Number of protein chains: 4
Amino acid sequence: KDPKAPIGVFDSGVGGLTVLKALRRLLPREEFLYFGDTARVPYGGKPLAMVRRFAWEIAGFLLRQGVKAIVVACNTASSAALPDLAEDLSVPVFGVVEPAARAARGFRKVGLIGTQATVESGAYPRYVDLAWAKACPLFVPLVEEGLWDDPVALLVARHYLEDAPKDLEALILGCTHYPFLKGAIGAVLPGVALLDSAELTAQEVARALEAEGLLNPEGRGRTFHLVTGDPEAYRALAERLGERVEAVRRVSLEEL
Amino acid sequence: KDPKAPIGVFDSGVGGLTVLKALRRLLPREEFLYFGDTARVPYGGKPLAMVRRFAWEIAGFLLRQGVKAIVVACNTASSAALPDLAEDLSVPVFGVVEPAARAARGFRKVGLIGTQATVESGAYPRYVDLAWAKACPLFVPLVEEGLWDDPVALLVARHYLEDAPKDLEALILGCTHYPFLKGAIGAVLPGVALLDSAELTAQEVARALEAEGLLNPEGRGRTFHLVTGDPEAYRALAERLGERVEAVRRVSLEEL
Amino acid sequence: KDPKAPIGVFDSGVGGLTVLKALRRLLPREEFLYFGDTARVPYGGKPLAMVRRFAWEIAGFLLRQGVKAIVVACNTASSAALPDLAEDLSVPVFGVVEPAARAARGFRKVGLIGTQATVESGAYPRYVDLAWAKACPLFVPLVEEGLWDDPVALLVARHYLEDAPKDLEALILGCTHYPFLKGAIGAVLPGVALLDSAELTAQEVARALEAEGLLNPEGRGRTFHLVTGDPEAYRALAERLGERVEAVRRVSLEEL
Amino acid sequence: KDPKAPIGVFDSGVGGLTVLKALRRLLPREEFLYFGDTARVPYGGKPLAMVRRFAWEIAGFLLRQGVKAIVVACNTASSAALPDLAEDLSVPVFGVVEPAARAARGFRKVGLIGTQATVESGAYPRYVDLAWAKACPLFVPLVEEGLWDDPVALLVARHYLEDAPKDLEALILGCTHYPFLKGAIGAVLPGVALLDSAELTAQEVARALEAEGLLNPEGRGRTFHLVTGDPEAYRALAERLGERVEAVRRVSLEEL
């Protein structure tokens with residue numbers, strides 16, 4: 001156990017940067033390795049079992065790099081791979097399903113939105129009873145196009161959420177990209193608590209790591225980006241989502 | 001050369017079905033082998049060289065199934081892989097770039113819409129001079145979500161097409177999915193001639209195969225579907241676009 | 001923990017059956033999964049980092065079959081992957097390098113033979129001080145061709161072992177196949193103790209698994225064989241070295 | 001066609017250098033790209049269909065480097081991939097099976113030796129009627145260990161060619177490596193004509209290439225080596241077999 005060692009964070013691409021941001025705020029002294037698998041993004045439409053192999057390869061790559069814990073920022077990969085991945089690895093492994101589904105248990109009727117893979121996996125029903133679940137394929141490309149406040153978002157939010165229970169008290173945003181869309185989602189489902197996977201998970205990570213004596217007390221934390229697709233494209237994309245990408249290098253899928 | 005043998009048509013997923021339909025209308029006596037690489041869709045944001053390897057892998061698989069010709073129904077893969085793929089292979093190879101550009105050469109000011117990869121590839125500039133070109137990433141998810149007749153489609157067309165020159169006489173629909181948004185594109189840009197990649201390629205295919213004595217003068221045509229991801233998801237998506245998918249089988253990326 | 005779960009054992013091919021037989025004797029009630037990577041055999045000429053990815057891939061595969069412990073029967077793959085693989089996984093992980101090196105420390109001057117990769121790795125010098133090491137590439141094929149009792153084996157043993165120190169007291173048989181060549185090796189190196197990787201490891205596995213309470217207590221144990229190459233070829237090659245294979249199925253490299 | 005373009009030659013490893021050497025002696029002004037797939041050597045124990053994907057992949061790679069012709073120096077790979085590879089590609093494609101079988105048709109009772117995959121392909125029987133065929137697995141490592149002049153080479157030659165008919169007039173040396181064993185093979189089978197795949201193929205390539213008007217008339221020939229395994233290990237092994245490797249670099253299997 002070396003608290004000077006970095007924390008691994010991985011995603012299919014830029015969406016998981018919402019998780020990275022929340023982690024860095026609570027843990028400014030830590031070193032993060034953010035792995036964006038942009039050569040194979042998106043996971044949301046791939047067979048769950050293929051994502052599970054992706055997650056295993058990427059966990060292996062992060063351990064090779066020496067991380068002390070792994071945060072699976074993707075909801076699709078969390079659904080596909082956890083809890084087994086945490087049950088198979090020695091370093092702590094954290095996901096974005098359980099923390100938000102835990103908080104959700106203090107409400108009478110809970111709904112879920114996420115990718116096609118996420119809602120069909122049954123990952124969330126394993127931790128919490130769901131009144132309603134619905135795949136929102138367009139949210140991700142709406143967010144990546146920078147249209148989170150544009151009227152089209154709103155109409156699309158209405159198309160996906162029109163048919164949903166009026167007594168829902170909370171809604172799980174079971175996709176890394178969905179925090180950008182609280183505005184259009186709040187507007188169509190007023191009064192409903194919106195559960196953010198990123199903030200809920202980073203808190204869990206911070207609590208658990210300190211509890212194990214693995215947080216780094218001293219020093220000034222940094223972030224390195226590792227992507228399997230084009231780095232310049234990723235840098236552009238990350239910026240459209242308000243993240244200044246400083247350090248990026250391309251990781252070959254042969255290194256996997 | 002054996003005219004009883006089938007025609008290979010391949011795409012990243014369901015989009016290339018527009019090409020498949022135009023072909024089946026002109027050549028009802030041909031057997032088609034339609035390959036949808038849904039395990040690795042989309043191509044439009046991947047590195048152009050990676051798509052080139054995809055095209056070569058699938059081209060080889062189709063040659064091992066016995067096809068007498070190959071239609072590359074994806075605009076991204078055509079940009080990535082043609083003309084070399086046709087130069088390197090003995091069977092006739094056709095793409096969806098050159099026929100639409102060729103028709104485009106009979107207007108004075110010509111514009112292009114397509115995927116990210118396509119507009120950046122320079123493939124279309126090779127064949128016709130372009131006044132304006134714009135990637136339309138939301139269009140593909142809009143079509144796959146079944147919303148081409150919804151007013152959000154009308155709004156998205158405006159977000160992408162407003163700031164294109166008023167003196168366009170023609171617009172190249174440089175993506176397999178765009179013939180579905182012909183109404184919305186036509187409304188936001190009245191008067192401009194819309195060039196359909198699928199209709200113009202199918203004609204080029206039929207003309208040339210005829211010229212070579214390769215058409216199958218007798219018998220009833222059949223279509224077989226071959227995909228790399230989940231077949232049942234594929235069939236659902238295909239049916240939302242108007243193809244009743246009769247035969248579908250899953251092909252391993254190990255077979256490539 | 002679940003003591004009904006099987007034990008995973010993996011190798012590049014049939015060599016690891018020497019380790020499996022030793023395991024069978026000490027643990028007749030245990031259910032075993034033997035994973036033979038015959039699509040990618042042999043490991044001895046490949047880069048150590050490539051083998052290391054193989055070990056990770058297969059370890060992940062065995063975990064998905066539910067194994068409660070993993071034995072790395074290949075000496076080349078132990079050299080590539082241990083001790084990190086054991087440090088990184090929750091289940092007990094055992095190799096064929098450490099146990100023979102432990103026993104070898106009760107000798108004054110010790111030598112090592114094995115594959116090209118094993119000798120270059122420096123895996124063995126990390127556990128025991130070595131007086132001599134020689135790669136013996138032809139020894140593996142001699143065993144698989146069934147020539148271990150034949151004179152040509154004896155001349156080949158002399159060719160590799162001529163310039164070995166006359167005062168050696170022990171020789172590490174650092175390759176799964178080398179137990180078949182004890183006759184020819186002792187003839188060229190009389191009076192030298194031959195340290196058998198397979199016999200020592202099964203004891204360690206048995207001791208360690210007994211201690212963790214993971215030993216199965218009821219039941220007749222079988223072995224299931226999983227291979228990445230042609231199963232019938234594997235079946236025929238295993239029989240030539242004295243193993244009767246009953247259950248063998250081909251596992252695709254894409255499941256990895 | 002471009003006559004300044006290089007000729008492509010590929011093999012699993014160093015065995016194909018016998019073919020390269022013969023080629024360079026006949027075509028000293030030609031530029032050659034030698035591709036040795038040392039990350040996946042040997043082919044002889046693999047499923048023939050897997051080798052066939054290898055041939056396709058590497059052929060695509062060489063076409064992307066711009067070769068004007070391809071020589072498949074491996075007898076296993078010719079058996080797996082020819083004649084189809086030659087039918088499906090525009091560049092001239094040459095193998096090592098057909099030329100040696102053609103010369104063999106000038107004899108009454110003809111034998112063949114080679115790898116397990118080569119004799120099991122039945123590729124040689126498509127071109128010449130065979131009286132006798134034997135796989136000789138140990139010949140390849142004998143050559144790679146530098147033991148072709150050693151007496152085990154005489155003993156091993158005798159082991160594999162003992163039941164061979166005494167009325168056999170010719171033997172096809174159906175493996176790239178076996179010309180180094182001409183000495184032992186002729187000694188153990190006196191009076192039998194030995195048909196060398198390498199010398200006969202180069203003749204055919206030079207004949208065919210001049211006829212297509214593709215020879216490069218000006219220039220000093222060089223060879224560049226491309227390997228998928230470790231380049232220094234390859235260079236060492238090429239030096240043991242008498243080839244002086246000037247330029248070698250490693251190509252990733254993901255580039256394939």
# chains A, B, ... in the order shown; residues from 1 in each chain; ligands from 1
$ closest_atom_pairs --of "chain D" --to "chain B" --cutoff "6 Å" --atoms "only C-alpha atoms" --output "CSV"
residue,atom,partner,partner_atom,distance
D:88,CA,B:90,CA,5.4
D:89,CA,B:89,CA,4.7
D:90,CA,B:88,CA,5.3
$ write_last_selection --atoms "N, CA, C and O atoms" --output "short mmCIF file (atom, residue, chain, number, x, y, z; two decimals), in the first residue's frame"
data_model
loop_
_atom_site.label_atom_id
_atom_site.label_comp_id
_atom_site.auth_asym_id
_atom_site.auth_seq_id
_atom_site.Cartn_x
_atom_site.Cartn_y
_atom_site.Cartn_z
N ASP D 88 -8.17 -13.64 -55.81
CA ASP D 88 -8.80 -12.44 -55.24
C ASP D 88 -8.03 -11.10 -55.23
O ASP D 88 -8.59 -10.07 -54.88
N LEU D 89 -6.75 -11.12 -55.61
CA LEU D 89 -5.93 -9.92 -55.62
C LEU D 89 -5.52 -9.53 -57.03
O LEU D 89 -5.48 -10.36 -57.93
N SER D 90 -5.34 -8.24 -57.23
CA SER D 90 -4.92 -7.76 -58.53
C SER D 90 -3.42 -7.95 -58.75
O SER D 90 -3.00 -8.33 -59.85
#
$ residues_around --residues "residue 236 (chain D)" --least-positions-apart "6" --cutoff "10 Å" --atoms "only C-alpha atoms" --output "ChimeraX atom specification"
/D:243-245
$ select_by_dssp --residues "region 16-252 of chain A" --states "alpha helix (DSSP H)" --output "ChimeraX atom specification"
/A:17-26,48-64,75-81,84-88,98-103,116-121,139-144,151-161,182-188,197-211,231-240
$ atom_distance --atom1 "CA of residue 137 (chain C)" --atom2 "CA of residue 18 (chain D)"
21.8 Å
$ residues_around --residues "region 138-155 of chain B" --least-positions-apart "4" --cutoff "8 Å" --atoms "only C-alpha atoms" --output "list in words"
residues 137, 138, 141, 142, 145, 152, 155 and 156 of chain A; 159, 177, 178, 180, 181, 183, 184, 185, 187, 188, 237, 240 and 241 of chain B
$ write_last_selection --atoms "N, CA, C and O atoms" --output "mmCIF file, in the first residue's frame"
data_model
loop_
_atom_site.group_PDB
_atom_site.id
_atom_site.type_symbol
_atom_site.label_atom_id
_atom_site.label_comp_id
_atom_site.auth_asym_id
_atom_site.auth_seq_id
_atom_site.Cartn_x
_atom_site.Cartn_y
_atom_site.Cartn_z
ATOM 1 N N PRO A 137 -30.946 7.044 -25.714
ATOM 2 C CA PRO A 137 -29.766 7.018 -26.592
ATOM 3 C C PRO A 137 -29.317 8.390 -27.047
ATOM 4 O O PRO A 137 -28.108 8.560 -27.297
ATOM 5 N N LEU A 138 -30.255 9.354 -27.236
ATOM 6 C CA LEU A 138 -29.919 10.649 -27.815
ATOM 7 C C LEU A 138 -29.270 11.584 -26.813
ATOM 8 O O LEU A 138 -28.570 12.522 -27.209
ATOM 9 N N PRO A 141 -25.290 11.814 -27.491
ATOM 10 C CA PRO A 141 -24.877 12.662 -28.600
ATOM 11 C C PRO A 141 -25.403 14.117 -28.470
ATOM 12 O O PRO A 141 -24.721 15.031 -28.959
ATOM 13 N N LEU A 142 -26.569 14.377 -27.840
ATOM 14 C CA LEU A 142 -26.936 15.758 -27.531
ATOM 15 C C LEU A 142 -25.891 16.416 -26.641
ATOM 16 O O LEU A 142 -25.411 17.519 -26.937
ATOM 17 N N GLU A 145 -22.607 17.121 -28.430
ATOM 18 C CA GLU A 145 -22.663 18.212 -29.389
ATOM 19 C C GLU A 145 -22.775 19.588 -28.725
ATOM 20 O O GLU A 145 -22.758 20.590 -29.431
ATOM 21 N N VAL A 152 -33.720 21.888 -28.413
ATOM 22 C CA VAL A 152 -33.850 20.558 -28.951
ATOM 23 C C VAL A 152 -33.664 19.547 -27.854
ATOM 24 O O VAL A 152 -34.257 18.520 -27.895
ATOM 25 N N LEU A 155 -36.973 19.102 -26.072
ATOM 26 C CA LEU A 155 -37.962 18.332 -26.759
ATOM 27 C C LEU A 155 -37.603 16.898 -26.697
ATOM 28 O O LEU A 155 -38.451 16.057 -26.591
ATOM 29 N N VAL A 156 -36.328 16.602 -26.764
ATOM 30 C CA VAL A 156 -35.894 15.209 -26.699
ATOM 31 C C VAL A 156 -36.100 14.675 -25.284
ATOM 32 O O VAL A 156 -36.630 13.573 -25.096
ATOM 33 N N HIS B 159 -30.218 23.770 -37.015
ATOM 34 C CA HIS B 159 -28.954 24.013 -36.307
ATOM 35 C C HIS B 159 -27.746 23.748 -37.209
ATOM 36 O O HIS B 159 -26.725 24.450 -37.118
ATOM 37 N N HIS B 177 -27.617 7.140 -43.727
ATOM 38 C CA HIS B 177 -28.841 7.356 -42.964
ATOM 39 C C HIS B 177 -29.649 8.558 -43.463
ATOM 40 O O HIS B 177 -30.802 8.730 -43.065
ATOM 41 N N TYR B 178 -29.059 9.429 -44.253
ATOM 42 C CA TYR B 178 -29.693 10.699 -44.512
ATOM 43 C C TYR B 178 -30.908 10.628 -45.437
ATOM 44 O O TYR B 178 -31.801 11.453 -45.287
ATOM 45 N N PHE B 180 -33.431 9.342 -44.971
ATOM 46 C CA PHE B 180 -34.586 9.254 -44.102
ATOM 47 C C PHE B 180 -35.016 10.626 -43.667
ATOM 48 O O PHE B 180 -36.180 10.801 -43.317
ATOM 49 N N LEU B 181 -34.093 11.583 -43.678
ATOM 50 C CA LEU B 181 -34.339 12.966 -43.324
ATOM 51 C C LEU B 181 -34.382 13.845 -44.568
ATOM 52 O O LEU B 181 -34.100 15.038 -44.512
ATOM 53 N N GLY B 183 -37.075 14.828 -46.070
ATOM 54 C CA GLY B 183 -38.081 15.857 -45.881
ATOM 55 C C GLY B 183 -37.569 17.009 -45.029
ATOM 56 O O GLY B 183 -37.679 18.179 -45.407
ATOM 57 N N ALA B 184 -36.967 16.704 -43.889
ATOM 58 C CA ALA B 184 -36.490 17.786 -43.065
ATOM 59 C C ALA B 184 -35.384 18.549 -43.782
ATOM 60 O O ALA B 184 -35.303 19.780 -43.676
ATOM 61 N N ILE B 185 -34.486 17.845 -44.485
ATOM 62 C CA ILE B 185 -33.418 18.572 -45.164
ATOM 63 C C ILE B 185 -34.002 19.413 -46.282
ATOM 64 O O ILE B 185 -33.604 20.570 -46.488
ATOM 65 N N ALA B 187 -37.039 20.697 -46.427
ATOM 66 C CA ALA B 187 -37.746 21.854 -45.909
ATOM 67 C C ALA B 187 -36.769 22.978 -45.548
ATOM 68 O O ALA B 187 -36.870 24.077 -46.088
ATOM 69 N N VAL B 188 -35.754 22.707 -44.726
ATOM 70 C CA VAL B 188 -34.830 23.774 -44.309
ATOM 71 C C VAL B 188 -33.985 24.341 -45.449
ATOM 72 O O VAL B 188 -33.323 25.376 -45.271
ATOM 73 N N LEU B 237 -33.613 -2.739 -34.666
ATOM 74 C CA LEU B 237 -33.220 -1.489 -35.285
ATOM 75 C C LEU B 237 -33.539 -1.499 -36.770
ATOM 76 O O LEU B 237 -34.071 -0.524 -37.305
ATOM 77 N N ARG B 240 -37.235 -0.948 -37.371
ATOM 78 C CA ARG B 240 -37.661 0.454 -37.239
ATOM 79 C C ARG B 240 -37.385 1.269 -38.493
ATOM 80 O O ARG B 240 -38.035 2.288 -38.709
ATOM 81 N N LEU B 241 -36.430 0.859 -39.316
ATOM 82 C CA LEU B 241 -36.161 1.512 -40.583
ATOM 83 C C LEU B 241 -36.809 0.810 -41.785
ATOM 84 O O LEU B 241 -36.273 0.878 -42.903
#
$ atom_distance --atom1 "CA of residue 224 (chain C)" --atom2 "CA of residue 32 (chain C)"
6.4 Å
$ residues_around --residues "residue 70 (chain A)" --least-positions-apart "5" --cutoff "8 Å" --atoms "only C-alpha atoms" --output "PyMOL selection string"
chain A and resi 7-10+59+62+91-94
$ select_by_dssp --residues "region 28-217 of chain B" --states "strand (DSSP E)" --output "list in words"
residues 32, 33, 34, 35, 36, 70, 71, 72, 93, 94, 110, 111, 112, 113, 114, 132, 133, 134, 135, 170, 171, 172, 173, 174, 193, 194, 195 and 196 of chain B
$ write_last_selection --atoms "C-alpha atoms" --output "compact mmCIF listing (two decimals), in the first residue's frame"
# COMPACT_ATOMS: atom_id res chain seq x y z
CA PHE B 32 -27.29 -10.23 -51.38
CA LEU B 33 -25.02 -10.90 -48.40
CA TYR B 34 -25.43 -7.85 -46.12
CA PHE B 35 -22.79 -7.50 -43.46
CA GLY B 36 -23.49 -5.10 -40.63
CA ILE B 70 -18.62 -5.76 -53.21
CA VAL B 71 -20.65 -2.72 -52.38
CA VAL B 72 -19.18 -0.59 -49.59
CA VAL B 93 -15.87 -2.98 -55.80
CA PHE B 94 -18.27 -0.01 -55.61
CA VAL B 110 -22.16 22.01 -54.40
CA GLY B 111 -22.35 21.28 -50.65
CA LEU B 112 -21.81 18.18 -48.47
CA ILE B 113 -23.31 16.76 -45.28
CA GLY B 114 -22.02 13.59 -43.62
CA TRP B 132 -19.34 23.99 -48.12
CA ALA B 133 -19.25 20.91 -45.91
CA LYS B 134 -20.67 20.22 -42.46
CA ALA B 135 -20.60 17.13 -40.24
CA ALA B 170 -27.25 20.74 -54.86
CA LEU B 171 -26.41 19.02 -51.53
CA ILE B 172 -24.73 15.59 -51.28
CA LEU B 173 -26.39 13.42 -48.63
CA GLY B 174 -23.08 11.78 -47.72
CA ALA B 193 -31.19 19.42 -55.38
CA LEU B 194 -30.59 16.57 -52.91
CA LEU B 195 -28.18 13.91 -54.07
CA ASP B 196 -28.92 10.50 -52.58
$ atom_distance --atom1 "CA of residue 191 (chain D)" --atom2 "CA of residue 179 (chain D)"
16.8 Å
$ closest_residue --among "B:46, B:102, B:222, B:166" --to "residue 120 (chain B)" --atoms "only C-alpha atoms"
B:46
$ residues_around --residues "residue 96 (chain A)" --least-positions-apart "4" --cutoff "9 Å" --atoms "only C-alpha atoms" --output "list in words"
residues 19, 71, 72, 73, 74, 75, 78, 79, 100, 101, 174, 175, 176, 197, 198, 200, 201 and 202 of chain A
$ decode --residues "region 178-194 of chain A" --atoms "N, CA, C and O atoms" --output "mmCIF file, in the first residue's frame"
data_model
loop_
_atom_site.group_PDB
_atom_site.id
_atom_site.type_symbol
_atom_site.label_atom_id
_atom_site.label_comp_id
_atom_site.auth_asym_id
_atom_site.auth_seq_id
_atom_site.Cartn_x
_atom_site.Cartn_y
_atom_site.Cartn_z
ATOM 1 N N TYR A 178 -25.107 12.523 -18.225
ATOM 2 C CA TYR A 178 -26.432 13.041 -17.948
ATOM 3 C C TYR A 178 -26.413 14.222 -16.961
ATOM 4 O O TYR A 178 -27.364 15.019 -16.974
ATOM 5 N N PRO A 179 -25.373 14.435 -16.143
ATOM 6 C CA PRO A 179 -25.366 15.669 -15.329
ATOM 7 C C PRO A 179 -25.453 16.956 -16.132
ATOM 8 O O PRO A 179 -25.971 17.966 -15.633
ATOM 9 N N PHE A 180 -24.936 16.968 -17.353
ATOM 10 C CA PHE A 180 -25.027 18.160 -18.180
ATOM 11 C C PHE A 180 -26.456 18.515 -18.500
ATOM 12 O O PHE A 180 -26.731 19.668 -18.873
ATOM 13 N N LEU A 181 -27.367 17.557 -18.353
ATOM 14 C CA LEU A 181 -28.728 17.733 -18.804
ATOM 15 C C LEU A 181 -29.704 17.937 -17.657
ATOM 16 O O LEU A 181 -30.908 17.744 -17.855
ATOM 17 N N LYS A 182 -29.238 18.303 -16.459
ATOM 18 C CA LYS A 182 -30.195 18.510 -15.375
ATOM 19 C C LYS A 182 -31.251 19.560 -15.783
ATOM 20 O O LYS A 182 -32.462 19.398 -15.521
ATOM 21 N N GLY A 183 -30.831 20.606 -16.494
ATOM 22 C CA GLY A 183 -31.815 21.578 -16.912
ATOM 23 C C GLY A 183 -32.962 21.006 -17.708
ATOM 24 O O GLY A 183 -34.110 21.136 -17.288
ATOM 25 N N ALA A 184 -32.711 20.348 -18.832
ATOM 26 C CA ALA A 184 -33.863 19.843 -19.589
ATOM 27 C C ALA A 184 -34.588 18.746 -18.799
ATOM 28 O O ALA A 184 -35.807 18.568 -18.959
ATOM 29 N N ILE A 185 -33.857 17.919 -18.033
ATOM 30 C CA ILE A 185 -34.541 16.884 -17.263
ATOM 31 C C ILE A 185 -35.356 17.497 -16.120
ATOM 32 O O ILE A 185 -36.534 17.172 -15.978
ATOM 33 N N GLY A 186 -34.789 18.430 -15.338
ATOM 34 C CA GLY A 186 -35.603 19.068 -14.287
ATOM 35 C C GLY A 186 -36.895 19.692 -14.832
ATOM 36 O O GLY A 186 -37.980 19.573 -14.237
ATOM 37 N N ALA A 187 -36.783 20.364 -15.978
ATOM 38 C CA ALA A 187 -37.914 20.999 -16.641
ATOM 39 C C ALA A 187 -39.048 20.031 -16.998
ATOM 40 O O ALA A 187 -40.230 20.406 -16.964
ATOM 41 N N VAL A 188 -38.739 18.815 -17.402
ATOM 42 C CA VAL A 188 -39.824 17.930 -17.834
ATOM 43 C C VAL A 188 -40.389 17.105 -16.667
ATOM 44 O O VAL A 188 -41.494 16.556 -16.782
ATOM 45 N N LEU A 189 -39.616 16.925 -15.592
ATOM 46 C CA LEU A 189 -39.998 16.162 -14.404
ATOM 47 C C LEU A 189 -39.770 17.041 -13.180
ATOM 48 O O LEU A 189 -38.876 16.786 -12.362
ATOM 49 N N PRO A 190 -40.553 18.103 -13.035
ATOM 50 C CA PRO A 190 -40.340 19.031 -11.910
ATOM 51 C C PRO A 190 -40.525 18.379 -10.540
ATOM 52 O O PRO A 190 -41.292 17.415 -10.379
ATOM 53 N N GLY A 191 -39.742 18.851 -9.555
ATOM 54 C CA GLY A 191 -39.937 18.342 -8.209
ATOM 55 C C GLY A 191 -39.268 17.011 -7.891
ATOM 56 O O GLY A 191 -39.257 16.589 -6.714
ATOM 57 N N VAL A 192 -38.691 16.344 -8.888
ATOM 58 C CA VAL A 192 -38.190 14.984 -8.750
ATOM 59 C C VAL A 192 -36.717 15.115 -8.412
ATOM 60 O O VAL A 192 -35.994 15.828 -9.118
ATOM 61 N N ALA A 193 -36.276 14.489 -7.319
ATOM 62 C CA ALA A 193 -34.849 14.524 -7.014
ATOM 63 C C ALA A 193 -34.062 13.775 -8.094
ATOM 64 O O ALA A 193 -34.346 12.605 -8.398
ATOM 65 N N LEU A 194 -33.048 14.446 -8.653
ATOM 66 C CA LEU A 194 -32.203 13.891 -9.705
ATOM 67 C C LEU A 194 -30.898 13.425 -9.087
ATOM 68 O O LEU A 194 -30.170 14.228 -8.481
#
